Amino acid sequence: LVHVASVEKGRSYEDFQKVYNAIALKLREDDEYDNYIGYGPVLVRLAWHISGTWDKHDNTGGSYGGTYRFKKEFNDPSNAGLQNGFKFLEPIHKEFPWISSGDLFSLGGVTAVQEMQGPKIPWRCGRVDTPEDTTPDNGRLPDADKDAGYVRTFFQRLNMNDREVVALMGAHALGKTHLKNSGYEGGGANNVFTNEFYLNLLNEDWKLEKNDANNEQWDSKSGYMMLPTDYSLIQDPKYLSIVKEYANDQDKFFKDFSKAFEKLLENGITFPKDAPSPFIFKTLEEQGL
Ligand code: HEM
Ligand SMILES: c1ccc2[nH]cnc2c1
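Here it is as structure tokens:
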């Protein structure tokens with residue numbers, strides 16, 4: 072199963088920068104969403120969920136085919152809430168209908184990370200929409216009520232190692248859980266890309282509690298929460314070392330996240346030898362927009 076990147080006909084860096092800018096401007100405009108968090112976090116989660124269906128063993132799933140647009144994937148219980156991200160991206164797609172669905176979903180995550188003052192995430196175009204029967208079945212995204220061993224094994228399927236896993240989980244500094252979506256009770262939330270997930274894990278006074286959906290979660294006196302899979306990163310000695318590293322080195326975290334997140338978004342894609350180099354988009358701020 073080979074998915075070869077194919078650049079949208081006639082498109083170059085400037086075309087994609089325009090798409091980035093449209094997403095970025097809408098992010099700024101639609102600021103009231105989810106109690107003033109805005110759509111950044113849900114767009115990062117969307118980019119991850121469209122990518123996290125990948126299976127290294129047979130190259131099924133992954134971002135390439137844009138298959139989240141189809142009902143089977145769109146209605147995955149693991150994707151509850153992501154319809155908000157899809158609806159946010161709808162007018163962007165209508166404006167720039169030349170871009171593939173995989174490219175738009177993945178670019179949405181990149182743009183969200185950067186606009187939320189995260190690292191630059193190099194991004195490559197050329198994902199090609201594939202037909203409805205290429206949609207992966209539900210059940211490939213991870214459970215949150217599990218331990219470090221489950222997290223480690225799960226991420227092997229996505230060819231991610233311990234450092235990559237701990238780095239990617241740092242995205243949980245963004246946004247919040249919603250009881251109605253996932254059965255987890257939201260805590261204190263923000264919409265700035267930082268290493269604060271790791272600081273919270275290490276510095277907070279955590280207590281294990283059972284929420285109103287009957288799921289266990291870790292809650293702090295300060296009003297923050299962690300999923301059991303989040304908290305596993307301080308229960309496992311290997312994960313713990315890396316949590317400490319990122320809590321104490323913002324730059325290292327930024328750089329490692331950027332690599333891991335680009336890799337997540339590119340898993341399953343074969344880039345031809347003469348494909349364009351990855352693009353690094355300018356933020357609205359860098360452009361004076
Ligand atoms: C073991 C791995 C993971 C599990 C079990 C997990 C689970 C969850 C759950 C249950 C939520 C709450 C959904 C809701 O109620 O709306 C959530 C939110 C989120 N997740 Fe993860 N996640 C994992 C890995 C990741 C990774 C790798 C990324 C990105 C790199 C990510 C980004 C997010 C973001 C940005 C949100 C907030 C969405 C919002 O505010 O609407 N997650 N995740
Ligand atoms: C999802 C969203 C926000 C979070 N904060 C801590 N764990 C999280 C999971």
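Taken in order, the sequence shown gives residues 72 to 257, 260 to 362; the numbers are from UniProt numbering.
Beta carbons: idealized from backbone N, C-alpha and C, even for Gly.
Separation of residue j from residue i, as counted between CA atoms
i: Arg228; j: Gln185; result: 27 Å
i: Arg223; j: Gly210; result: 17 Å
i: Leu72; j: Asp329; result: 29 Å
i: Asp278; j: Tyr297; result: 10 Å
i: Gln360; j: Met187; result: 15 Å
i: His128; j: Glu144; result: 20 Å
i: residue 65; j: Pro202; result: What is shown of the chain runs 72 to 362, which leaves residue 65 out entirely.
i: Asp204; j: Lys142; result: 11 Å
i: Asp233; j: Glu358; result: 34 Å
i: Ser177; j: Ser295; result: 34 Å
i: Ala242; j: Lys97; result: 21 Å
i: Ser134; j: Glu161; result: 18 Å
i: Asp147; j: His120; result: 10 Å
i: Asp200; j: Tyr110; result: 24 Å
i: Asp214; j: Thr356; result: 34 Å
8 Å CB neighbourhood of residue i in its chain, flanking five on each side removed
i: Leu274; result: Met299, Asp303, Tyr304, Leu306, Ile307, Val316, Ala320
i: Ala348; result: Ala76, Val78, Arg195, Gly197
i: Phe352; result: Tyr84, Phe87, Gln88, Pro193, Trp194, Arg195, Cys196
i: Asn252; result: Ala151, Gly152
Own chain partners of residue i with C-beta closer than 6 Å, once the 5 adjacent residues on each side are dropped
i: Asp174; result: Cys196, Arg198
i: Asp218; result: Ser305
i: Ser149; result: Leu212
i: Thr124; result: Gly132, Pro207, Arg211
i: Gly156; result: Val113, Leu114, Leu117
i: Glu235; result: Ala333
i: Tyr221; result: none
i: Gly189; result: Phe266
i: residue 369; result: There is no way to answer for residue 369, as the model of the chain reaches only from 72 to 362.
Top-ranked residue by Cα proximity to residue i, from the options
i: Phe266; options: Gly246, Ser293, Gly257; result: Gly246
i: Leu272; options: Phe226, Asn288, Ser293; result: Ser293
i: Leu250; options: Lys325, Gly152, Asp147, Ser134; result: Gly152
i: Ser122; options: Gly180, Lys142, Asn106, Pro310; result: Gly180
i: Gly254; options: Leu239, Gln290, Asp324; result: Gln290
i: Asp322; options: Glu269, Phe352, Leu357, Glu85; result: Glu269
i: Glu335; options: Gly257, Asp233, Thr182; result: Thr182
i: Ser331; options: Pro193, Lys346, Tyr104; result: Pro193
i: residue 370; options: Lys325, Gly261, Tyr312; result: The question about residue 370 has no answer, for the chain in this structure spans 72 to 362.
i: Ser314; options: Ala238, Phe327, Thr356; result: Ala238
i: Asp101; options: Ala244, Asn130, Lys158; result: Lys158
i: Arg82; options: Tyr312, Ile170, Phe226, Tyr110; result: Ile170
i: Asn130; options: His74, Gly137, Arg140; result: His74
i: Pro301; options: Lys346, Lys311, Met240, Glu318; result: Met240
i: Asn230; options: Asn276, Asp126, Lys346; result: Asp126
Chain C contact for residue i (CB, 8 Å cutoff)
i: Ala76; result: Included in the structure is just one protein chain, with no chain C present.
Those residues which DSSP pairs with residue i across a bridge
i: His74; result: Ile342
i: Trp194; result: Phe352
i: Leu245; result: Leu245 is not bridged to any residue.
i: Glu282; result: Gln290
i: residue 433; result: Outside the modelled stretch of the chain, which goes from 72 to 362, sits residue 433, for which no answer is possible.
7 Å Cβ shell around residue i - same chain, five flanking residues per side excluded
i: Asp309; result: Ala219
i: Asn288; result: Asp216, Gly254, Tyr255
### Message
Three Cβ pairs or more, each shorter than 8 Å: is that satisfied between the segment 327-347 and the segment 269-288?
### Response
no
### Task
Report yes or no: do three or more beta-carbon pairs, one from the segment 161-172 and one from the segment 90-100, lie closer than 8 Å?
yes
### Query
What is the chain-ordered set of residues for which the beta carbon lies under 6 Å from any non-hydrogen atom of ligand 4?
For the structure depicted, ligand 4 is absent and the ligand set comprises only ligand 1 and ligand 2.
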